[PDB]
Chemist: 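Take this structure first; my questions come after.
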There are 2 protein chains.
Amino acid sequence: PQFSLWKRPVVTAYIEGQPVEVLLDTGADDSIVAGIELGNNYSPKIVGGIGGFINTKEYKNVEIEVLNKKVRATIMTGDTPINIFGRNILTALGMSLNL
Amino acid sequence: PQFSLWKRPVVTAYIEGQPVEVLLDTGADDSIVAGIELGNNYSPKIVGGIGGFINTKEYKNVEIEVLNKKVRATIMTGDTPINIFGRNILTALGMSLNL
Ligand SMILES: CCC(CC)NC(=O)C[C@@H](C(=O)NC[C@@H](O)[C@H](Cc1ccccc1)NC(=O)[C@@H](NC(=O)c1ccc2ccccc2n1)[C@@H](C)O)C(C)(C)C
């Protein structure tokens with residue numbers, strides 16, 4: 001699957017079985033999701049954007065299913081308007097930017 | 001060119017002859033750059049991400065040479081910690097996201 005960027009590259013993934021829409025982001029070093037419960041086992045992390053900082057709850061070894069593919073990675077959780085799949089997940093999946 | 005996503009997909013662009021290092025970003029709707037004087041006629045705007053928003057200057061029909069191509073597009077200027085080329089530019093170069 002090849003995505004032209006005319007529209008945002010958005011897909012449906014299941015995080016630990018819960019379905020969500022995520023933006024596949026080659027401009028995010030990290031993945032951050034909002035409104036899903038991931039559990040008690042996390043670490044406070046502080047994160048940056050264009051806008052400014054945000055504090056997140058950091059989950060590791062999270063079961064992800066996206067694009068007919070199974071991965072495990074670090075998910076952070078927080079106040080994010082759109083949910084984002086960064087370069088850590090993208091790499092694990094085998095995606096690439098082409099020209 | 002293909003960009004594995006292991007490291008940030010960064011490249012050298014010339015914006016009106018000035019060289020710049022930029023982020024190729026599938027999760028950026030707008031293109032935003034710091035430290036170039038693009039001049040006088042612009043339009044007052046805002047740009048936001050994670051953490052919040054910032055004040056920008058919107059210029060139109062800027063000349064850019066990147067990836068061995070020549071485009072003309074809108075670039076904002078503002079105090080971004082990293083220069084970003086969003087989907088508006090990527091779409092002009094004919095870049096795609098693949099798996
Ligand atoms: C360290 C943790 C990670 C967390 C993502 N942060 C980074 O890797 C830093 C990194 C970064 O923040 N990358 C993510 C960026 O790619 C984010 C992703 C995104 C999309 C949509 C909504 C929110 C956020 N995009 C952006 O910052 C661009 N934003 C948007 O396209 C965008 C779209 C819709 C929105 C709706 C409401 C509020 C904000 C909205 N922002 C901006 C350039 O125009 C730098 C500063 C280098 C670009």
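Here is how names work: the chains are called A, B, and so on, in the same order as the sequence lines, proteins then strands, and each is numbered from 1.
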Chemist: Tell me, do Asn83(A) and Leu23(A) make a side-chain contact under 4.5 Å, heavy atoms counted?
Modeler: no
Chemist: Could you tell me whether a side-chain N or O of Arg72(A) sits under 3.5 Å from a main-chain N or O of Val62(A), the two making a donor and an acceptor?
Modeler: no
Chemist: Hey, does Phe85(A) have a side-chain heavy atom less than 4.5 Å from the side chain of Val33(A)?
Modeler: no
Chemist: Which value, rounded to the nearest 0.5 Å, describes the distance between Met76(B) atom CE and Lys45(B) atom NZ?
Modeler: 6.5 Å
Chemist: Less than 4.5 Å apart, side chain to side chain, heavy atoms only: is that true for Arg8(A) and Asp29(B)?
Modeler: yes
Chemist: For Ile46(A), does its backbone N or O pair with a side-chain atom of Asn55(A) as donor and acceptor, under 3.5 Å?
Modeler: no
Chemist: Walk me through whether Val22(A) and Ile84(A) qualify under side-chain contact (heavy atoms from CB on, under 4.5 Å).
Modeler: CA-CA 5 Å; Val22(A) 297; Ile84(A) 76 118; over 6 Å; no
Chemist: Is a donor from one side chain sitting under 3.5 angstrom from an acceptor on the other, for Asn88(B) and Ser31(B)?
Modeler: yes
Chemist: So do the side chains of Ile32(A) and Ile54(A) get within less than 4.5 Å of each other, counting heavy atoms only?
Modeler: yes
Chemist: Check step by step if side-chain contact (heavy atoms from CB on, under 4.5 Å) holds for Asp30(B) and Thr74(B).
Modeler: CA-CA 8 Å; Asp30(B) 320 272; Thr74(B) 311; over 6 Å; no
Chemist: Between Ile36(B) and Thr77(B), is there a side-chain heavy-atom distance shorter than 4.5 Å?
Modeler: yes
Chemist: Return the orientation label for the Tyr42(B) and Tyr59(B) ring planes: parallel under 30°, perpendicular over 60°, tilted otherwise.
Modeler: perpendicular
Chemist: State whether the side chain of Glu63(A) and the backbone N or O of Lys70(A) hold a donor-acceptor pair below 3.5 Å, judged by distance alone.
Modeler: no
Chemist: Could you tell me whether a side-chain N or O of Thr56(A) sits under 3.5 Å from a main-chain N or O of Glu58(A), the two making a donor and an acceptor?
Modeler: no
Chemist: Quick one: does any side-chain atom of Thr91(A) pair with a main-chain N or O of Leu5(B) as donor and acceptor, under 3.5 Å?
Modeler: yes
Chemist: Kindly give the heavy-atom pair with the smallest separation between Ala34(A) and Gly78(A), and that separation in Å.
Modeler: CB-O, 2.9 Å
Chemist: Would a 4.5 Å heavy-atom cut-off, applied to side chains only, mark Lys69(B) and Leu99(A) as touching?
Modeler: yes
Chemist: Is there a donor-acceptor pair closer than 3.5 Å between any side-chain N or O of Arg87(B) and the backbone N or O of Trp6(A)?
Modeler: yes
Chemist: Which atom pair, heavy atoms only, marks the closest approach of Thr26(A) to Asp25(B)?
Modeler: OG1-CA, 3.6 Å
Chemist: Taking all atoms of both residues into account, what is the closest heavy-atom pair of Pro1(A) and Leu67(A), and its distance?
Modeler: CG-CD1, 4.4 Å
Chemist: Under 3.5 Å, is there a donor on one side chain and an acceptor on the other for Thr12(A) and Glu21(A)?
Modeler: yes
Chemist: For the residue pair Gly48(A) and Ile50(B), what are the closest heavy atoms and their distance?
Modeler: C-CG2, 3.7 Å
Chemist: What I'd like to find out is whether the side chain of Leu90(B) reaches to under 4.5 Å of the side chain of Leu24(B), using heavy atoms alone.
Modeler: yes
Chemist: So, for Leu97(B) and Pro9(A), which heavy atoms are closest and what is the spacing to 0.1 Å?
Modeler: CD1-CB, 4.0 Å
Chemist: Nearest 0.5 Å, please: how far is NZ in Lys57(A) from OG in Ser43(A)?
Modeler: 10.5 Å
Chemist: Check whether any side-chain heavy atom of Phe3(A) sits under 4.5 Å from a side-chain heavy atom of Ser96(B), and report yes or no.
Modeler: no
